[PDB]
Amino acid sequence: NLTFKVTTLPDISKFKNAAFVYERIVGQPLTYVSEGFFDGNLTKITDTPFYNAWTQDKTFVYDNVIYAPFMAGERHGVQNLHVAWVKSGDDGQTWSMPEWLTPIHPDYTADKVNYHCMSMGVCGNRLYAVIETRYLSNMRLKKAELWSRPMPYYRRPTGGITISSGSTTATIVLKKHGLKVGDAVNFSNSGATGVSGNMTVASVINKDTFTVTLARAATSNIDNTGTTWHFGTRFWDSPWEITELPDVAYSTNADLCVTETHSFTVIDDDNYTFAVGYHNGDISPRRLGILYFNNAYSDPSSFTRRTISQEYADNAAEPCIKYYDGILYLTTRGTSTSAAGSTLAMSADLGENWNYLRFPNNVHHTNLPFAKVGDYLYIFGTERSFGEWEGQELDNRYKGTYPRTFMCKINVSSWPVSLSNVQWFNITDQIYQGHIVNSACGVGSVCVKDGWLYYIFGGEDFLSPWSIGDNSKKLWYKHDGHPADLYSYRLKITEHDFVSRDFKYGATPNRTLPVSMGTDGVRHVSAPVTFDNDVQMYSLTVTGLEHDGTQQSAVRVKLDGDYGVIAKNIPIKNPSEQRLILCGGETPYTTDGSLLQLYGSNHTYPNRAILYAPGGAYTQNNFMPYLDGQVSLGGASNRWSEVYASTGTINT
């Protein structure tokens, strides 16, 4: 590669392996790369009409799978919002459908709050997340809870299962299991009678040992020494451990206030020591630092606030934090174009004391997620709209623009003397749509899997949400919905001593609603599906016919609600026909079955009802007029032929 300084940007697309240093704003050089300069490329990873944004700062890799958690909503607020993730099982080439991790808050309507999250990661084989409850009205933090589950994982251990005759307690040795009482697990081929299939953790003895309860007592002494068996957690069946974090909430007291929790890093995996970033950007003087948890497994409510110096917390927010080899690294977001901005900091004593390096030129509006690879920090940020990156530049909103994403690479083999000469590289450009002031661009997160690093972050497209227009309600299903979606910049960070794993995708996408063309020539959908909105269809047959050909005897339509309504719309063609016909046979004719016809108010004879039952109409129970002494049985032109009763005297 080669880098040189230009007075004007050249035709960048013509070149390879080149980068151009250019001062768009005088005195603020940035470097613009051509293709081939870095071995990195951008992939779009969500494409839904929700406002999908804010991976900050939650990405992680676990058991070969890359997780990109984010929030799927409709605006910069918690209206209709789920904390969610998408995942990649192919090193970031393709990404799954969004999965909601939080439900809509149970008190959404009553208390006008909903969930939110910017801090999530894995520690000691458990997922941890700071799930915040925020007000719909003003986005203030009402309270915050640490949520945890055992991660989804698989083990193939040998031995370690013992049960005494007469006991219902089975003891299971499983190193660093990370389980808690009540967690859901599964066993196969255990070689220990009664320890099989789906079970629940009954007790935890130590880091490597737990118990489960058998349905019935063992009738011999059991020890599966020598037997190789299979174990899996059941993440989706395990109750979340939910622990309120005291004083983590909005407050008008500057020393209590928390604006956001953000970022997560493990200090000691086996002892559940980790840190969560936080700041107060609501009440001066600001505070920014970490919440340090000495042992989140045994004491999930116990943490201490460890802050950075005031002059680096001023005009700052949203620390990204990562621990490596005894050193905790931190970057901040600057909150003003006209004040000193983002800072890089490190601590060798778990946040009690820091060394600081300010980035020059008031880096602002972006968090700066990063990873350490070898001797370098790879640090990324994205401006919200074109031309806002440079210090002192004004916001550029309300028109469509191409915001720049930047990366720098800082050698920390020893702590740098200064970042005055930092070289930011513009590595990709995104789109800011422009018809609302808010931008989803950036607000990202960095993770690493083997020889690839991922900066996973937001960008938009030029299709308007029409908030100003016919969609002030921000309905995602109207027109093009919201243009905020996620992208992944995947950068090579080590030698790739293997032949390519890459592929082009040429398949029919078939996970969201899996369709196969049947031998009947019709599309079959092979998953249960719930439609959250109004559905119309040309005709409906309810089949009771499953995949393997089993035909149910009872075919069912069920209605929820306080009451169910099956009704007949006013006809468009011939309103005088209006009626609902319920049929015991295949067609609405008495040769095929009994029928009940309920006529509507538009019918020629409005609101009549007629029962047709050639085989006889029967009532199992007493049959009466609703009101006493008012309703006739038969009529003057509709006399029953004869009345049959056990007594021939009418009771008056």
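The first residue of the sequence shown is number 1, and the count goes up from there.
Averaged over CA atoms, B-factors in the entry run higher in 268-276 than in the other of 268-276 and 93-101. Mean CA temperature factor is higher for 297-305 when stretches 297-305 and 520-528 are set side by side in the entry. Per the PDB entry, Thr162 shows the highest C-alpha temperature factor of the residues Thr543, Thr162, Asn186, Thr133.
Of the candidates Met407, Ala110, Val83, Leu582, the one whose C-alpha carries the top B factor in the deposited record is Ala110.
Ranked by C-alpha B-factor against the other modelled residues of its chain, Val61 falls in the lowest third. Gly334 sits in the lowest third of its chain by CA B factor, as recorded in the PDB entry. Ranked within its chain, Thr591 lands in the highest third, by CA B factor from the PDB record. Among all modelled residues in its chain, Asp223 ranks in the highest third by Cα B-factor. The deposited CA B-factor of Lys180 belongs to the highest third of values across its chain.
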